[PDB]
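# I need the structure of the sequence given here:
(7 chains, ligands or ions: 4)
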Amino acid sequence: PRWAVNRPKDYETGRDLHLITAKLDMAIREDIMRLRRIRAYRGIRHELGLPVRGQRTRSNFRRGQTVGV
Amino acid sequence: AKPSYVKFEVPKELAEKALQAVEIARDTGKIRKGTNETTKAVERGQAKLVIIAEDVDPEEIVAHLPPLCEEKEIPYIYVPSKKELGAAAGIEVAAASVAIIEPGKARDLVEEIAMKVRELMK
Amino acid sequence: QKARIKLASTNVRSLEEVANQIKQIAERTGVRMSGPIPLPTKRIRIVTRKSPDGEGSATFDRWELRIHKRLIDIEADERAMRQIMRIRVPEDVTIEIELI
Amino acid sequence: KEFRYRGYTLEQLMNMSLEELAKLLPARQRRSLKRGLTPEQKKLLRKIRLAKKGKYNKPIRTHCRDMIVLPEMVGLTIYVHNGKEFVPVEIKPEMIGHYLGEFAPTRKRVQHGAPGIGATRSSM
Amino acid sequence: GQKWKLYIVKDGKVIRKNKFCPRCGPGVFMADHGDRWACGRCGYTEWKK
Amino acid sequence: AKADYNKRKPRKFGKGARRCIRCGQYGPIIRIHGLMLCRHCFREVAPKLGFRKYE
RNA sequence: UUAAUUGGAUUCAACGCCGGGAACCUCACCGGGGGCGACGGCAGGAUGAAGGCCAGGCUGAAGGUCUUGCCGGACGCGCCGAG
Ligand SMILES: [Mg+2]
Ligand SMILES: [Mg+2]
Ligand SMILES: [Mg+2]
Ligand SMILES: [Zn+2]
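Numbering: from 1, shown residues only, chains lettered A, B, ... in the order given. Ligands and ions are numbered 1, 2, ... in the order given. See the structure here:
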């Protein structure tokens, strides 16, 4: 069925495709690069390494070292 | 209209029936002043007693009622002065034409003076 | 040929008085009346915070309002129908009559 | 290396009815178009079409951050309010199907300073 | 001041340059837009000659 | 017109569509069984309405 | 940190608390645009106050303002007290 493939309604050809391994990786990278070129909000969030889907960042998502006073 | 417009003389009876016959009708009637407001009134025949004072200069907005006198019945009289014209019917300002429609108990004198003006000059 | 009467009030005693009056009216006449059936009570419960501000321990009020009900069936007899139509109920009792 | 959105060139996208185009956008945009445009978006679209016709040679400034980018808007420059100012956006073909507000950030990037008094248990 | 003119009025004949609204009666006057009848209160898209 | 710049929009949902009938406050409105009262106002008028604290 | 990231509460007895799960409203913050002075009086005002509008500019959008002229008839924040 067409609703089971992992890339339906392709952005370039418009068809329903299933990708594996290197082609899948390069397709995902291309999608993120497209978001970055047009300077969209999600592209900036990808560039800065910050949560993309609207999470709060004051409490969790902490990855670093303690800063003293 | 304006004293510098020779229409006829200044009868005392015309003033008596034009000025002293509205105070008894002011409390039992309506008043519509203003040349522009009355112009629509006379044009559609809304007015009933048109007392045209000779106080408005120049002959710009006043040269509309005499030209319209022959177009409708327009029972009209003339007023000598304006200062008490507004006081007689209206408010403490200078009045140019106080039109009263359907006055109360002001029929005999107004009708007689209207007939007198009809036989006087039209 | 039968009438159904529904009674509801927030005071039990007034409801009992009205029911007893209807019962006696039926008794003083030749007419069969199914006894007053007690329907389940309505409870309206509201729980609220007590303090106006938010400081201090949290404590709650539990307010409750109770509504009692009764059901009476009687056969339509004009001699008995007029009497129950003229009985006067207190202002805190609701009555409704229908013919089935 | 040209631009194609579902296998369609830019010209083919230009000569499409609004209903035809909505079948190619994602679900959210299709629903938004299916419910019609708000009056403010109607006025903005009128100004855009007037500019395309060769009239209205003035900057196009707007408050409508929720307007969906359409193919006929490609090539213009629009100033979208971000809360205190209008920032310029140059529409590229790959922006079809996105909201305008996606290109006008509302917050400034954060550069942390030294933690102050009360930032740790021992600093109070 | 005073705005009552542009109506062709001579010694005894009064005619109005500005017509009245067909929705209303006489006395009301339109503007002088020249493109169309402003009508003052109702508005008309007529392309007055 | 100048008066049009003082009238509010007639909303039908949201916190702005409901006010306490006794004090006019927005927010903590009790909507049970048609009551429209603040949690503050309901405490001090509950006995008059016939409510009681049985337990 | 920021244009603003509204404010109250700091041991038990502050921190899923203010019934606080805020897309608009809520809203108290930030950027921008409009509106409001019963009642007394002062300039003013039917030779028309105060007020309202077809189209078109300014504008995020707006008779809000201006352009263009059409309306309505008795009050009057341009000024002082007061609300
Ligand atoms: Mg909560
Ligand atoms: Mg929420
Ligand atoms: Mg909000
Ligand atoms: Zn309340």
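
# Every contact and neighbour count from this point should use C-alpha atoms.
Fine.

# Centre-most residue in chain B?
residue B:51 (0.8 Å; Cα atoms, centre = their mean).

# same thing with chain E?
Chain E has residue E:18 as the residue nearest its centroid, 2.1 Å off, counting by Cα atoms, centre = their mean.

# So which residues on chain F come close to chain C?
Residues of chain F lying close to chain C (Cα under 8 Å from any Cα of the partner chain) are F:39-40, F:43, F:46, F:50-55.

# Tabulate those residues in CSV, adding columns for secondary structure.
Listed next are these as CSV, based on DSSP: H, G, I helix; E, B strand; the rest coil:
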residue, secondary structure
F:39, helix
F:40, helix
F:43, helix
F:46, helix
F:50, coil
F:51, coil
F:52, strand
F:53, coil
F:54, coil
F:55, coil
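
# Mind putting those residues into CSV with neighbour count and distance to chain E?
As requested, these are arranged in CSV below (neighbours: other Cα atoms under 10 Å in any protein chain shown; distance: Cα to the nearest Cα, whole Å):
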residue, neighbour count, distance to chain E
F:39, 19, 53
F:40, 19, 53
F:43, 15, 57
F:46, 15, 58
F:50, 12, 60
F:51, 17, 61
F:52, 16, 65
F:53, 12, 67
F:54, 8, 70
F:55, 7, 71
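
# still on that earlier bit, hmm, the residue nearest to the centre of chain E is touching residue E:7, no?
Yes: at 7.1 Å, residue E:18 counts as touching residue E:7 under the criterion of Cα atoms under 8 Å.

# Tell me the buried residues in the helix ranked longest in chain C?
Ranked by residue count under DSSP state H, the longest helix found in chain C is helix C:12-27. For helix C:12-27, burial by neighbour count (16 or more other Cα atoms under 10 Å in any protein chain shown) applies to C:14-15, C:18-19, C:22-23, C:25-26.

# How far away from the center of its chain is the biggest helix by length in chain D?
Counting residues, the longest helix found in chain D (DSSP H) is helix D:39-52. Put simply, helix D:39-52 sits 14 Å off its chain's centre (Cα atoms, centre = their mean, to the nearest Å).

# quick one on the thing from earlier: same list (the buried residues of helix C:12-27) but as a markdown table, adding distance to chain D.
Formatted as a markdown table, the buried residues of helix C:12-27 follow (distance: Cα to the nearest Cα, whole Å):
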| residue | distance to chain D |
| --- | --- |
| C:14 | 58 |
| C:15 | 57 |
| C:18 | 59 |
| C:19 | 60 |
| C:22 | 62 |
| C:23 | 64 |
| C:25 | 66 |
| C:26 | 65 |
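
# Return the closest of those residues with respect to residue D:24.
residue C:15 (69.2 Å; Cα to Cα).

# Pull the contacting residues for the closest one.
Residue C:15 is in contact with C:7-9, C:70, C:93, counting by Cα atoms under 8 Å, 6 or more residues apart in numbering or on different chains.

# What is the burial count for the closest residue to residue B:42 other than its chain neighbours?
Nearest non-adjacent residue to residue B:42, counting by Cα to Cα, 6 or more residues apart in numbering or on different chains: residue B:74, 6.9 Å away. The local packing of residue B:74 (other Cα atoms under 10 Å in any protein chain shown) involves 20 other residues.

# Kindly provide the distance from residue B:74 to ligand 4.
66 Å (Cα to the ion, to the nearest Å).

# hmm, back to that, from the buried residues of helix C:12-27, which two are the most distant?
Of all pairs in the buried residues of helix C:12-27, the most separated under Cα to Cα is C:14 and C:26 at 18.6 Å.

# First-to-last residue distance for stretch A:56-69?
25 Å (Cα to Cα, to the nearest Å).

# buried residues in the longest helix that chain B contains?
In chain B, with assignment by DSSP H, the single longest helix is helix B:108-120. The neighbour-count check on helix B:108-120 (16+ other Cα under 10 Å) flags B:110, B:113-114, B:117 as buried.

# what's the closest of the residues you listed to ligand 4?
Set against ligand 4, the nearest of these by Cα to the ion is residue B:110 (67.6 Å).

# So for the closest one, what's the nearest residue that isn't a sequence neighbour?
In space, residue B:110 is closest to residue B:17, 6.3 Å off (Cα to Cα, 6+ apart).

# what's the answer for residue E:37, then?
Nearest residue to residue E:37, sequence neighbours excluded (Cα to Cα, 6+ apart): residue E:44, at 5.3 Å.
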